[PDB]
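S.K.: show me the folded form of this:
(chains A, B, C, D, E, F, G, H, I, J and K, ligands or ions: 1)
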Amino acid sequence: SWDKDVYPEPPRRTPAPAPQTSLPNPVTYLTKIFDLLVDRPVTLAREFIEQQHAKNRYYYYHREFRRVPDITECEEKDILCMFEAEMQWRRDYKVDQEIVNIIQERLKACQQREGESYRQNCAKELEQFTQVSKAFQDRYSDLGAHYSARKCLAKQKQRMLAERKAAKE
Amino acid sequence: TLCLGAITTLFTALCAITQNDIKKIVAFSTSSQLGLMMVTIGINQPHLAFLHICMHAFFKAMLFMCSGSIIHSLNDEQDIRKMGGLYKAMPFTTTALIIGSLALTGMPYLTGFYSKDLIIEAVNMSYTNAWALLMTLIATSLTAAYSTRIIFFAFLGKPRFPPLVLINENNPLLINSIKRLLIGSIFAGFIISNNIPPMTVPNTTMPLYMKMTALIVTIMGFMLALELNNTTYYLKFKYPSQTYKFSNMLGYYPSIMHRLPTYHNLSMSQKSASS
Amino acid sequence: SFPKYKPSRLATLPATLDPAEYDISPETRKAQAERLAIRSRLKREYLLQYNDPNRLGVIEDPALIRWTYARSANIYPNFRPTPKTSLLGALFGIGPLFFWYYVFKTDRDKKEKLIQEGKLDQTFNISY
Amino acid sequence: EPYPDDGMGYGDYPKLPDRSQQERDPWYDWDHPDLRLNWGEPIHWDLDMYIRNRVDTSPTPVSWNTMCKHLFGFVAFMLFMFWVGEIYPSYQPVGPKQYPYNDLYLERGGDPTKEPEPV
Amino acid sequence: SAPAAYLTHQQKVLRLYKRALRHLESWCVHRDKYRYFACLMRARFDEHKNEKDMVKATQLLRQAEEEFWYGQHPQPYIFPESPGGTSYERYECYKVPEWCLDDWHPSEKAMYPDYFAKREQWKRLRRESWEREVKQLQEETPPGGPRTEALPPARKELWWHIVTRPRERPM
Amino acid sequence: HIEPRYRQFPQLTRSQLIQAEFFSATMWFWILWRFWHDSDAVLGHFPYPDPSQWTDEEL
Amino acid sequence: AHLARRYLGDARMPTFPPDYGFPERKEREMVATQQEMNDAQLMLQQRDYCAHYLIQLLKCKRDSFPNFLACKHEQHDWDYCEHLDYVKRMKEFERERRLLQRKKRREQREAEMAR
Amino acid sequence: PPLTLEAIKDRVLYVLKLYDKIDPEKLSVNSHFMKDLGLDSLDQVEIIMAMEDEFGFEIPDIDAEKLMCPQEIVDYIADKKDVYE
Amino acid sequence: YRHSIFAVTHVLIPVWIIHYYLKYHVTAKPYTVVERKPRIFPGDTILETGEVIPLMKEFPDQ
Amino acid sequence: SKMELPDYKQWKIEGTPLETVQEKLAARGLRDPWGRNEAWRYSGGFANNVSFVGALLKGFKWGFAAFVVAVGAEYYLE
Amino acid sequence: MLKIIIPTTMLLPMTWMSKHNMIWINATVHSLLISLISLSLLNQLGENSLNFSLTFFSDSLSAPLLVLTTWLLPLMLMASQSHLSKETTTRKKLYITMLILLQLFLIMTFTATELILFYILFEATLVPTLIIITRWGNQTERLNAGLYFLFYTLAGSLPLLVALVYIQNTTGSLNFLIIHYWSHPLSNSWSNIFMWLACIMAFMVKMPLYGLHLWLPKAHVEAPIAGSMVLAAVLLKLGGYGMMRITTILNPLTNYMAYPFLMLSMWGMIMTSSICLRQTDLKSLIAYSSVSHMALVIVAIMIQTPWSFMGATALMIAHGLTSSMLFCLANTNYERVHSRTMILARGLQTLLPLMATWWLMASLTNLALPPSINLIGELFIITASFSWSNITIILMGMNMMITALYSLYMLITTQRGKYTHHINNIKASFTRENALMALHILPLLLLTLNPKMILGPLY
Ligand SMILES: CCCCCCCCCCCCCCCCC[C@@H](O)O[C@H](CO[C@H](O)CCCCCCCCCCCCCCC)COP(=O)(O)OCC[N+](C)(C)C
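M.R.: Numbering: from 1, shown residues only, chains lettered A, B, ... in the order given. Dropping the coordinates below:
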């Protein structure tokens, strides 16, 4: 559960709190203890697999890609600059999408986690989602199909012109 | 949602008053129930709206299965007008159909009550359009109406199904089936209304006729429908009025909304497009 | 009784009410005798076809083939230009699509003026 | 019965009276009982629209225009009565009946926090 | 099963009678009231013109058709076998034509030696028979009138059509 | 196990009628026991005109 | 009907509160506790001032495995309090009714004194 | 009810017996219907519809026209029910 | 025995399997399963005692 | 294993409500041949229609009593 | 890849040298094998388009199509190999060569890379399919049909050709990768507009557009089934592939020129589907269903939103398989009774069951219900369309109405109901039949488990 313990975890707002409160009638939930025996089998079973799984553990590890200079500075005709920088930009794009995936998942988590209240901590996540989705909306909107770094550039200069037209007045 | 669910309760129930199939009647009934619970959503009380379904299933499955017993028993003759008067011929099915009809009717501590009364009462005490509430009233009357129609013709009369009688209620699995659904049909209203957390937050004050209305409308239903039905028993041939032909032509709706647009399209798809 | 039935294209009058069903003259009775004659002719034929051992395979009736033929291949060769058909064809043809052209184009322009000159743009709509 | 000469381009084909196949006698022993149309008997142009399972132009005890008038009028009355109903909600109503209909008010409540606990 | 014939007045008024009488039950529901009005009805047909000249009579029909059509009731009772039917063709899923079995191949055909034996007996009977129905049909027929079928005279009589229909409720 | 008759309807087994009657009686027993267990058709009284002193009017 | 008061309007209602010295302050009972309500969750519809009886009820109901048995006393506490509130919010409408009414009378009579 | 030919002839006569216009002693399976017995068609329609009604079976009209001899009737139901008994 | 083996398959195998699949997907990843989190009344939590009743100024009954 | 047909003779019409009808036709003088058939099997045998409300109270006669046993248990608990 | 393409050539010697009564087995077995080899291509990459030789590449957009195209050959063989039998050995051996030669042109024309190479193959496909339609189609009309199939392609393709040459003169290379990178907007004027139509009309002919689709039904009425399966399942889809390719250029002009074609398409879909609701004979009914679905692809391309291309890919493939399936599944009836007209088949279910099951599955996925890749393919493009114009849904919805009806219709009219009496001809379903359609439908259902490999490049 290192992945559960990974990035979402510091965002994860786990707490939980059982109550425990006996009264005059016998408790039905005791049946779960019988049902617990049904779990126990699988528990033991896991060891019978997990043990063997421990015996040999050739394994992978993460890959990472070095930074490269961007399109903005390669000249109007080099294809190789446009290309390296294109692949970099593309990787960066896919990454950013994955991040928005994460923040949405944490949003779903908060939503279900509330009993009925919310409009609470969920407002907190809702805010960061508002900022994130805002900027991500900005960076990558009407690019259309055949989205390309040269275009995201072409958009970024437009917003910057909006800023310069704004400061004048 | 309310605006339409009400009028579908009414418009369906009217056709339900006057049919001859067992199953068509039960069908119009089920749709009318659906319109009712639909205003139950439209009245902004979703929880009860869900609550009504859980009760509704038992009732309707009861009706169709006992009806299945009748129909299979007789070599399958859906039409009530030559359905026999067999109150004694199949006593167990009789019992079943009776508790069923009472449940759908909304008798005060039987299972259908815990839905229907809470519903229509909540509609009463709610701010809303009233004309729709009126429609809920006529509808809940007509529930009692057709529900008495099927009882009357199914059982009470001297029998008039064609002679030979292959009738045989017996076959134990069927018995066990109807048994279990009766069991739920009587206990479930109380048990479930009790066990569920009070999401409803009850409205229980003014006035007294508030709660009475659900009963009196039913009583008007049985009195009018039954005295009328007995008046049908006194010779004197009459010919139908227009209202009869209307409500018994299912509102004319299928016979116009099917013979018309389909014609203009299938014509158009050849008079023009294909050609 | 008084009200009297009124026949329509979707509700043809029942045969029992048709006046032609009643008034009847010996030559018209020759018409029915004729109709039974040809009907009996063809059905006698179909029975001679239907059940002798040696046929095995299907035997299509010519009329159905005339019909399927006339639902396709024969439509064009006839045609004839006629102004009623031609105008009706222009109408069903170019008409409705021009209609949709304006109906979409205006909405497009409206979203344009709101997204740009206005600021009523949707939020969160990052999916695209 | 040619259609007759006309620009629709279907020519020299019998024009037959419209008649959905229900109209033709069920008790007769047709060569093709589902189609219900023996053998060489020439087929109605729009056979398929009348093939049954499609349009059924069977005669109806109440006349057509009366059908249309009763139902369309019915839905009309249903709507107008409905919306005039909408004008006069329960616990508000037309003022005249409202003299009886008035009640409740009632609805206001909640801790002031709930005004922003929802916010 | 008795085809055609251009129609005649008597049978016409009769079918109007059975018809009207049936719708009349559909109204009267109870066996009682229905009996009463039925007797009243036949009483109407006789009390009226049980005998008359034709030209008046047809007019009497034109009256009767209207008077019926107004009262015909939105839906009559219908027996399930009948074209209305709650089960007009519930079993047409099942009535497989016989020639189809004649296809099972020997591993299946072996399992009912008896039935197949009897069946080839039949098929033999037909293939042997057919030319006779040919000559006879050729014989009794004029150029070819309204009438369908023709009597047996010494053997067989177009029988394979009807005689081997797949009964009524095969399953 | 049952025979056709032609009017008699040899209503087989008393047990059937025992069952039917049992459930009808079971029904009334429930509705009545519940009727005594509580009267849910009523609860608390309500009223309208009350008193002007509670509200306001002056003159 | 000028005398009749619209249901939608909150009421002269504001004036009426000021009009009745005794009524002020409303000081509406607040034993519910907003922080506590979230812990028990409830529903936004079930805010109310009788929420504390409701918490007593959910407590009692979770406390018994008997289910349908027992815990009607708490249900009657929540019931009865709910009734008292409905009565209050009932009398308020009679209040706005009669006060609008007096407003009409003293306005008519002021219209007389001013003729 | 798998049904048999005797059951058909028996139930049929058993209905013809109850009709008033027939005198029960004169009734016979082969007994003719017009040339014997004066019942006429207007009553013939009654006996046929009332008789089919006993079975719930339906009689097509053109076949109703023949009818006449009760044996022809039992033959007819024998065909439609395919009893082969 | 027929009821034995039949029940053995159809109710015993699926739950063993699917629960093992439960340790897979739930232990593997975050937010695979999101509880409503229990209502917590005035009574003390089992997590760490705490909690307290409020006021109880209510009076009269029935 | 054929069941026997009952009897031609045995279906009297006299006890039937239909007899009243035949009387009413006798007022018209009209003859109603079928009644001995129609009335026989149906109205004239087992037939004796149960009352509606009485049908509704099919279980009440026992239920009220078991209910008495129940309230008897109520006082017994006291 | 150059590895998959050689053996595809190699079957030809194998075909010619095969023993005279064994050839079907040869071609079948090896075509299956080469399918499995084709499958390894599917891997692609999540970023860069896969590359090979200087003259080929394998975009994710092409790979599922390539796998499909390789997959169809055995199927056409299984369908054909009883349709023909009495034909002379040399002629049959000549015949399968048409098919395989054809797919060879497809494997070449999907991997492209130069758009002139892509074009010349794009148009090279025209010959074998012509020969097949004309020599082995039944009934007279096929002759005429040949012509409609032909000129409508060329009259479209030829201007495209000149246009292509033009660009490689106004810019550097015609190659796809660099033109994807060196792409620069063309805008209004009037010359540029004619450039636009010149680079679109051929692709919009080859996948039929509503104003131009007339040849397609009249091809399908005629062609022997092996011609039908390709002419439906593939060539349309390739026209779509190319049009998705060339849209790397154009823009922003597409924003301004899409409208007329969006009207012919948005209206033509409802229209053709409506005509589809009343055909005389089945073999045409299927064809119009096909156009009625391709209109969705073509608007999906023109609104150019990434969702729309995802849905474009998915729907192209799904409609491929389902349409081919309906065709073979209809030819079976046509062989059993030679009726062609749908009315004669009648109660076919009564006499044999399992085919009714295939009718059910096939039609069922024709109407597209969840979670068929057909459906999910369609829902995206409705989404993006709806983003493009909120009104547009009212059109799409009507489609989803009529495509229900006629689809179920072809089921209930040619199946459920009474058997025709005298039609003794039917003879209880061969193994190859069931084998064949099971081969269509199984991949189609497994494929739903793993969409992520079919959605294509804009995934
Ligand atoms: C993609 C969908 C396609 C939709 C349909 C395509 C086009 C359909 C419309 C056809 C255009 C007009 C041609 C129609 C026939 C006109 C020529 C002639 O045959 O018509 C005469 C009759 O037709 C009328 O005169 C012509 C009416 C034409 C008006 C319709 C034009 C609608 C505009 C369509 C758009 C145009 C394209 C613009 C670009 C968008 C009959 O000839 P004739 O019998 O010997 O002499 C007349 C007999 N008189 C004296 C007794 C009257």
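
S.K.: and the residue of chain I nearest chain J?
M.R.: In chain I, the residue that lies nearest chain J is residue I:62 (19.7 Å; C-beta to the nearest C-beta). Where C-beta positions appear, they are placed from N, C-alpha and C, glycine not excepted.

S.K.: for that residue, which non-adjacent residue is spatially closest?
M.R.: Using C-beta to C-beta, 6 or more residues apart in numbering or on different chains and skipping residues adjacent in sequence, the residue nearest residue I:62 is residue G:76, 6.0 Å away.

S.K.: which stretches of the chain form helices?
M.R.: Picking chain A for this. A:31-55, A:79-113, A:121-139, A:149-167 (DSSP state H).

S.K.: meant chain G, my bad for not saying
M.R.: G:16-19, G:34-40, G:51-63, G:73-113.

S.K.: got the ones you listed as TSV, with distance to residue K:147 and mean neighbour count columns?
M.R.: Output for these, formatted as TSV (distance: least, C-beta to C-beta, whole Å; neighbours: other C-beta atoms under 10 Å in any protein chain shown):
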stretch	distance to residue K:147	mean neighbour count
helix G:16-19	91	17
helix G:34-40	78	17
helix G:51-63	81	21
helix G:73-113	84	17
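
S.K.: circling back: who wins for proximity to residue E:149 among the helices of chain A?
M.R.: helix A:31-55 (75.3 Å; C-beta to C-beta).

S.K.: so which of the helices of chain A comes closest to chain C?
M.R.: helix A:121-139 (4.4 Å).

S.K.: tell me, what residue is most central in the chain?
M.R.: No chain was given, so I picked chain A. Central residue of chain A (C-alpha atoms, centre = their mean): residue A:102, 1.7 Å from the mean position.

S.K.: actually chain B
M.R.: Nearest to chain B centroid, counting by C-alpha atoms, centre = their mean: residue B:29, 3.0 Å.

S.K.: could you pull up the residues touching that residue?
M.R.: B:13, B:16, B:60, B:63, B:104, B:143, B:146, B:147 (C-beta atoms under 8 Å, 6 or more residues apart in numbering or on different chains).

S.K.: surely the first one is in contact with residue B:139?
M.R.: So that's residue B:13. Yes: between residue B:13 and residue B:139 there is a contact under C-beta atoms under 8 Å: 4.8 Å.

S.K.: where does the residue nearest to the centre of chain B fall, secondary structure wise?
M.R.: Using DSSP states H and E, residue B:29 sits within helix B:22-42.

S.K.: again with residue K:7
M.R.: Assigned by DSSP H and E, residue K:7 falls in helix K:2-17.

S.K.: helix or strand right after that helix?
M.R.: helix K:23-39.

S.K.: count the neighbours of the spatially closest residue to residue A:3 that is not a sequence neighbour for me.
M.R.: Ranked by C-beta to C-beta, 6+ apart and with sequence neighbours excluded, the top spatial neighbour of residue A:3 is residue I:29, at 5.9 Å. When neighbours are defined as other C-beta atoms under 10 Å in any protein chain shown, residue I:29 has 15 of them.

S.K.: any idea how far residue F:37 is from chain K?
M.R.: According to C-beta to the nearest C-beta, to the nearest Å, residue F:37 stands 49 Å off from chain K.

S.K.: still on that earlier bit, who touches both of residue B:13 and residue B:139?
M.R.: Residues touching both residue B:13 and residue B:139 comprise residue B:32, with contact defined as C-beta under 8 Å, 6+ apart.

S.K.: what's the burial count for residue 23?
M.R.: No chain in the question, so chain A it is. Around residue A:23 there are 14 residues (other C-beta under 10 Å).

S.K.: you looked at the wrong chain, it should be chain I
M.R.: Applying other C-beta under 10 Å, we find 13 residues neighbouring residue I:23.

S.K.: now it: how far from residue I:29?
M.R.: 12 Å (C-beta to C-beta, to the nearest Å).

S.K.: could you do residue K:160 as well?
M.R.: 50 Å.

S.K.: ok, the lengthiest helix in chain C near chain A or not?
M.R.: What stands out as the longest helix in chain C, according to DSSP H, is helix C:83-115. No: shown here: helix C:83-115 not in contact with chain A (C-beta under 8 Å from any C-beta of the partner chain), separated by at least 9.7 Å.
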